[PDB]
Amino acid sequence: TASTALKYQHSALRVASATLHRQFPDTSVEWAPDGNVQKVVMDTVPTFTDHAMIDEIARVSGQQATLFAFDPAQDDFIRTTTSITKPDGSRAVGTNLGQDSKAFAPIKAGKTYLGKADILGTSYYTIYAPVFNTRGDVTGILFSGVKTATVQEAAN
C-alpha cells in the first residue's frame, strides 16, 4: 500500500546513508534519537565511473537508489550514480531531477521530501534527502524509492 511503502522509505534511507558513509568516510551522517537519518553532510558529490555502491544499496534495500549532485549553473540536480535504468538498459546517469519534480522545492529549502514522485515518466513512492556541505549549502540529494506499479503488483 501507499502508506506502507512510504513508511518503508525511512529504512531505505538508513541503508543508503550508512553505505554512503562507508564508501566515503569523509562524509558525515547525523542520526536522530530514534535511529532515523537526520542530516547527510558531503562537501562535494563526485562523478562516478563505478556504480557498485548504488547497486549494493539497491539490492540491500530491495528497491531503487540515487545520489544527486547540485549543478548551480543549471539550478538543478544531476544523477551522478543510480540504480535506475532507461528502457534501452543503460544506467540513468546524467539525467536531471527537474524543477517540476515534487522533490525540487523541498530539497532547495533544505527539507526532506517523502511522497509520490515521477522519475523519467514513471511514478514512484520516494524519499529525497538533501545533502549538505559543512557550510550549510545544499550540494546534492540522497534518494531511495520503489515503483508504485511494483507496490501495486504485490497488492494484486
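The first residue of the shown sequence is 1; numbering continues from there.
Between the two ranges 4-12 and 147-155, the one averaging a larger CA B factor in the entry:
Comparing 147-155 with 4-12, the higher mean C-alpha B-factor belongs to 147-155.
Next on the checklist: Mean CA temperature factor from the deposited coordinates, higher in 43-51 or in 92-100?
Outcome noted: Between 92-100 and 43-51, it is 43-51.
query = Which is it among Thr66, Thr126, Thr112, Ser61: the one with the largest CA B-factor in the entry?
reply = Highest CA B-factor of the listed options: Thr112.
*asked:* Test of reading the entry: by CA B factor among the chain's modelled residues, which third contains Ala18?
replied: For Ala18, the deposited C-alpha B-factor lands in the lowest third.
Discussion item. Taking only the Cα B-factors deposited for this chain, tell me whether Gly35 sits in the lowest, middle or highest third.
Written reply: Tercile = highest for this residue's CA B-factor.
- Query: Taking the entry's C-alpha B-factors for this chain, is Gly121 in the lowest, middle or highest third?
  - Reply: According to the entry, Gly121 has a C-alpha B-factor in the chain's middle third.
Ranking every modelled residue in this chain by its Cα temperature factor as given in the entry, which third contains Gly136?
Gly136: CA B-factor falls in the highest third of its chain.
Would you mind ranking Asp75 by its C-alpha B-factor against the rest of the chain and naming the third, lowest, middle or highest? Top third by C-alpha B-factor.
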